[PDB]
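**Q**
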Amino acid sequence: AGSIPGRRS
Amino acid sequence: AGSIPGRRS
Amino acid sequence: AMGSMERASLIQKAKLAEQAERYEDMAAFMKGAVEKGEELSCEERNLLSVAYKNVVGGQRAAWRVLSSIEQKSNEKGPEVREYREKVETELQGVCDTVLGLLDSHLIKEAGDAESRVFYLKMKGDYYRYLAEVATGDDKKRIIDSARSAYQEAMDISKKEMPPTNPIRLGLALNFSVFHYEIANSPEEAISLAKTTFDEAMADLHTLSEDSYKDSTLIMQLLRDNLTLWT
Amino acid sequence: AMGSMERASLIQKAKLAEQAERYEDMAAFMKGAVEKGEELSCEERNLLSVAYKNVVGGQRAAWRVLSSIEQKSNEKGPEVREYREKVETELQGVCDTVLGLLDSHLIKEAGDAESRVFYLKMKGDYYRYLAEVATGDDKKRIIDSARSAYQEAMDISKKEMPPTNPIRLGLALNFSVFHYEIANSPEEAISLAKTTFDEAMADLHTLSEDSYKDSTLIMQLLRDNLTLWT
Ligand SMILES: *Cc1ccc([N+](=O)[O-])c(O)c1
Ligand SMILES: *Cc1ccc([N+](=O)[O-])c(O)c1
Ligand SMILES: [Cl-]
Ligand SMILES: [Cl-]
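Protein chains in written order, with the authors' numbering: chain P, 43 to 51; chain P', 43 to 51; chain A, -3 to 70, 76 to 231; chain A', -3 to 70, 76 to 231. A prime marks a further copy of an entry chain.
1) Hey, could you find the ends of the alpha helix (DSSP H) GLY33/A is sitting in?
2) For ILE65/A', return the contacting residues in chain A, with the cut-off set at a CB-CB distance below 8 Å.
3) Taking three-plus beta-carbon pairs below 8 Å as touching, is the segment 132 to 148 of chain A in contact with the segment 156 to 170 of chain A?
4) Could you tell me whether any Cβ in chain A' is nearer than 7 Å to the Cβ of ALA58/A?
5) Can you determine whether any heavy atom of ligand 3 sits closer than 6 Å to the C-beta of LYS87/A, and answer yes or no?
6) Give me the residue from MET162/A, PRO163/A and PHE179/A with the minimum Cα distance to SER149/A.
7) For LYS9/A', which residues in chain A fall below 7 Å Cβ to Cβ?
8) Going by C-alpha to C-alpha distance, which of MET22/A, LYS9/A, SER63/A and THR207/A sits closest to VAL46/A?
9) For ligand 2, which residues have a Cβ under 6 Å from at least one heavy atom, in chain order?
10) Return the CA-CA distance between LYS9/A and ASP126/A', expressed in angstroms with no decimal places.
11) Near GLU161/A, which residues of its chain fall below 7 Å by C-beta distance, leaving aside the five closest residues on each side in sequence?
12) Please state whether the Cβ-Cβ distance between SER45/P' and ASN175/A' is less than 7 Å.
13) What runs of the alpha helix (DSSP H), each 4 residues or longer, lie entirely inside the segment 122 to 200 of chain A?
14) Quick check on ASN226/A' - is its C-beta less than 7 Å from some C-beta in chain P'?
15) How big is the Cα-Cα spacing for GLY(-1)/A and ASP225/A'?
16) Quick one: does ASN166/A have its CB under 7 Å from some CB of chain P?
17) Could you work out which residue in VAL95/A, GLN221/A, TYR48/A and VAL81/A is closest to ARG18/A when comparing CA atoms only?
18) Less than 6 Å between C-beta atoms, sequence neighbours within five positions excluded: which residues of the same chain meet that for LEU131/A?
19) Does the distance from the C-beta atom of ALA43/P to that of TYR181/A stay below 7 Å?
20) Which of the three DSSP states is assigned to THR207/A in this structure?
21) Do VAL81/A' and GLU91/A' come within 7 Å of each other at the CB atom, strictly closer than that value?
22) When you check each C-beta in the segment 118 to 129 of chain A' against every C-beta of chain A, which residues fall closer than 9 Å?
23) Rounded to whole angstroms, what is the Cα-Cα separation between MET123/A' and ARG50/P'?
24) May I ask you to check if the CB of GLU66/A' is nearer than 6 Å to at least one heavy atom of ligand 4?
25) How about residue 235/A': is its Cβ closer than 6 Å to a heavy atom in ligand 4?
26) Excluding five sequence neighbours on each side, which residues of the same chain lie with their C-beta closer than 8 Å to the C-beta of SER69/A'?
27) Count the other CB atoms within 10 Å of the CB of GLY171/A'; is the residue buried (16 or more) or exposed (fewer)?
28) Looking only at C-alpha atoms, which of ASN185/A, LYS195/A and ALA13/A sits nearest to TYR84/A'?
29) Say whether chain P places a C-beta atom closer than 7 Å to the C-beta of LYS49/A.
30) Could you compute how far the alpha carbon of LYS11/A' sits from the alpha carbon of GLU20/A'?
31) Let me confirm a value: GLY54/A is counted as buried when at least 16 other C-beta atoms fall within 10 Å, else exposed. Which label applies?
32) Of the residues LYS87/A, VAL52/A, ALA16/A and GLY101/A, which one's Cα is nearest the Cα of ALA57/A'?
33) Residue range of the alpha helix (DSSP H) that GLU76/A falls in?
34) With 7 Å as the limit, tell me which residues of the segment 176 to 202 of chain A have their beta carbon closer than that to any beta carbon of chain P; keep them in chain order.
35) Would you kindly check if the distance between the Cβ of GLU110/A' and the Cβ of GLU35/A' is under 7 Å?
36) Measuring only the C-alpha atoms, how far is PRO47/P from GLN221/A?
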């Protein structure tokens, strides 16, 4: 189950 | 030019 | 340690730290920028979020490795537990720091829907990360704190944003993960993901080519989860 | 901070930190183990080396990103230089820490060829990393310190180890990189890599299947460099 990766601006 | 990676035991 | 550096220099160095993949530095720089007391721009909010997502993401991955080893062991001594506890404490400290920034005073000064939803989504996420490792008297209160932040963000985004807004979509994605992984409510998770996806699909016709790409990217993540859950 | 923890617990936690990809922790645990004052086993030496190779490897990668940005800029202000300097100082601190461990007192207590060559190779490597960022009065002395450590290690390994020994091969590989990248001696680098490879090829027939795999792995790295250099 994937949340927002959100690790790259 | 590659040295020994050496990052995994 | 950042009180003596200009706000603009902190932002510039946060961008450099991202390029160098120095996310602990990036987070410290953005923490310094927040503590200057001015509201954050859209780009600045993204830098804050990216920095701490990377830091806590590394901590969560390490915690899961160690927690898995610890579960298998249950005699090697106290070492696996001790070290899992150390990582867990550092993770909780980072979550507390982010939540402290939101509470002092990012959220209360956030008046626009875009900023307020963004910060409330963050608040839900970092309580969710606390909930992932919680086991004591306050696990239920931690879960309800995550739920409450997500719910307020959802209510605002449904009133103030179009169904394709990327922040609205990412909030719904993460709230659905909260339902599935934390709240033991897989049907709620599936229902939210489906309704979010379908409402966005119906609004894509209003978007430019670039906005279409932004929205369909996150819609695919909703679809990926539904494929895994059904 | 590790003085109160058992040596064996430090080693156990270093292994856990590697599994969790927490290399700063791994290095601190192995630094604590070294400071207990006992010699290190073969496996323990590898843990020490892996930990600090990862830590400094991350710092070197970040330094190169920032140094490249800084070179392109040469007006954005002092920020790129300031932050490159910060990373550079942290990198130099890690190198100094490792070199301090070797000098106090790993090398002087290392009597066997396998341990002494291992530590002298490390000493060459971490002076090489200092040389990569050096620009002042001591750049030449730093380069000669790397050269001297590598040379002593080479002399021992040629006397005491077979040409296929993985430590002997990795030492020659890294000394050849020193020649090519640091000492402006590409012909020496090429000659060393070729002679090392050919002498190993001729000794493979003496090895078991598992030793053969270990040696040919590093021989391929020598070949990769020769392909790049010729
Ligand atoms: C929380 C969130 C929502 C959307 C996007 N996006 O990429 O459009 C994020 O990175 C994060
Ligand atoms: C320095 C060195 C030499 C050999 C190997 N090996 O993998 O056989 C290393 O990891 C490091
Ligand atoms: Cl610990
Ligand atoms: Cl700086």
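C-beta atoms are modelled at their ideal positions from N, C-alpha and C, and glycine is treated no differently.
**A** In this structure, then:
1) Along the third sequence, one-based indexing puts residue 33/A at 37. Note, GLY33/A: premise wrong, no alpha helix (DSSP H); not H, not E.
2) Here residue 65/A' corresponds to residue number 69 of the fourth sequence, with the count starting at 1. Result: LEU12 and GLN15.
3) The segment 132 to 148 of chain A makes no contact with the segment 156 to 170 of chain A; the number of CB pairs closer than 8 Å stays below 3.
4) Stepping through the third sequence from its first residue, residue 58/A is reached at position 62. Flagged as an interface residue toward chain A': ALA58/A, by a C-beta distance shorter than 7 Å.
5) Along the third sequence, read from residue 1 onward, the residue named residue 87/A stands at position 86. Correct: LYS87/A has its Cβ closer than 6 Å to ligand 3.
6) On the third sequence, position 148 is the one that residue 149/A refers to. Shortest Cα-Cα distance from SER149/A to any of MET162/A, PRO163/A and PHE179/A involves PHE179/A.
7) What you label residue 9/A' is simply residue 13 of the fourth sequence in a count that begins at 1. Contact note: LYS9/A' reaches chain A through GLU80 and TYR84, using a C-beta cutoff of 7 Å and chain order.
8) Numbered from 1 along the third sequence, position 50 holds the residue referred to as residue 46/A. Minimum Cα-Cα distance from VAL46/A among the listed residues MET22/A, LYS9/A, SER63/A and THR207/A corresponds to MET22/A.
9) Those residues, listed in chain order, are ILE46/P', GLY48/P', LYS122/A', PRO167/A', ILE168/A', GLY171/A', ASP215/A' and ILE219/A'.
10) Locating residue 9/A in the third sequence gives position 13, where the first residue counts as 1. Locating residue 126/A' in the fourth sequence gives position 125, where the first residue counts as 1. Distance between the alpha carbons of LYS9/A and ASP126/A' is about 30 Å.
11) As a position in the third sequence, residue 161/A is number 160, starting the count at 1. Closer than 7 Å at Cβ, skipping near neighbours: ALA114.
12) Against the second sequence, residue 45/P' aligns to sequence position 3. Against the fourth sequence, residue 175/A' aligns to sequence position 174. Less than 7 Å divides the Cβ of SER45/P' from the Cβ of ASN175/A'.
13) As far as the segment 122 to 200 of chain A is concerned, its whole alpha helix (DSSP H) runs of at least 4 residues are 140 to 161 and 167 to 182.
14) Taking the first residue of the fourth sequence as 1, we reach residue 226/A' at position 225. Yes, because at least one Cβ of chain P' sits closer than 7 Å to the Cβ of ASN226/A'.
15) For the purposes of this step, residue -1/A is taken as the residue at position 3 of the third sequence. For the purposes of this step, residue 225/A' is taken as the residue at position 224 of the fourth sequence. Distance between the alpha carbons of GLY(-1)/A and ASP225/A': 49 Å.
16) Position 165 of the third sequence, counted from the first residue, corresponds to residue 166/A. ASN166/A does not count as touching chain P.
17) Position 22 of the third sequence, counting from 1, holds the residue named residue 18/A. Taking only the C-alpha atoms, the option nearest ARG18/A is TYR48/A.
18) To locate residue 131/A, count along the third sequence from 1; it is residue 130. The residues are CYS96 and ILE143.
19) In the first sequence, counting from the first residue as 1, residue 43/P sits at position 1. In the third sequence, counting from the first residue as 1, residue 181/A sits at position 180. Yes, the pair counts as a contact, with Cβ atoms nearer than the cut-off.
20) Position 206 of the third sequence holds residue 207/A. In this structure, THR207/A counts as helix in the three-state DSSP scheme.
21) One-based indexing of the fourth sequence puts residue 91/A' at position 90. One-based indexing of the fourth sequence puts residue 81/A' at position 80. Their beta carbons are not under 7 Å apart, which means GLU91/A' does not touch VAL81/A' by this criterion.
22) Against chain A - using a Cβ distance shorter than 9 Å - the segment 118 to 129 of chain A' contributes no residues.
23) The residue labelled residue 123/A' in the question sits at position 122 within the fourth sequence. The residue labelled residue 50/P' in the question sits at position 8 within the second sequence. So the two alpha carbons sit approximately 16 Å from each other.
24) The count along the fourth sequence starts at 1 and reaches residue 66/A' at position 70. In this structure, the C-beta of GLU66/A' stays at least 6 Å away from each heavy atom of ligand 4.
25) Outside the shown range of chain A' (-3 to 231) lies residue 235/A', about which nothing can therefore be said.
26) Counting from one through the fourth sequence, the residue named residue 69/A' turns up at place 73. Closer than 8 Å at Cβ, skipping near neighbours: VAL81.
27) Residue mapping note: residue 171/A' aligns to position 170 of the fourth sequence, counting from 1. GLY171/A' comes out buried.
28) Along the fourth sequence, read from residue 1 onward, the residue named residue 84/A' stands at position 83. When each option's Cα is compared against that of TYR84/A', the closest is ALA13/A.
29) Position 53 of the third sequence holds residue 49/A. At least one chain P Cβ lies under 7 Å of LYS49/A.
30) Taking the fourth sequence and counting its residues from 1, one reaches residue 11/A' at position 15. Taking the fourth sequence and counting its residues from 1, one reaches residue 20/A' at position 24. One C-alpha to the other measures close to 12 Å.
31) Translated into the one-based positions of the third sequence, residue 54/A becomes position 58. Classification of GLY54/A: buried, given that the 10 Å Cβ count is 16 or more.
32) The residue labelled residue 57/A' in the question sits at position 61 within the fourth sequence. Nearest in C-alpha terms to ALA57/A', of all of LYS87/A, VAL52/A, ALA16/A and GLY101/A, is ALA16/A.
33) Within the third sequence, residue 76/A is the residue found at index 75, counting from 1. Counted as a single uninterrupted DSSP element, the stretch harbouring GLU76/A is not any alpha helix (DSSP H), since DSSP gives it neither H nor E.
34) Within the segment 176 to 202 of chain A, the residues whose Cβ lies closer than 7 Å to any Cβ of chain P are, in chain order, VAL178, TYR181 and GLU182.
35) Counting from 1 along the fourth sequence, the entry for residue 35/A' is found at position 39. Counting from 1 along the fourth sequence, the entry for residue 110/A' is found at position 109. Yes, the pair counts as a contact, with Cβ atoms nearer than the cut-off.
36) Counting from one through the first sequence, the residue named residue 47/P turns up at place 5. Counting from one through the third sequence, the residue named residue 221/A turns up at place 220. So the alpha carbons of these two residues sit roughly 13 Å apart.
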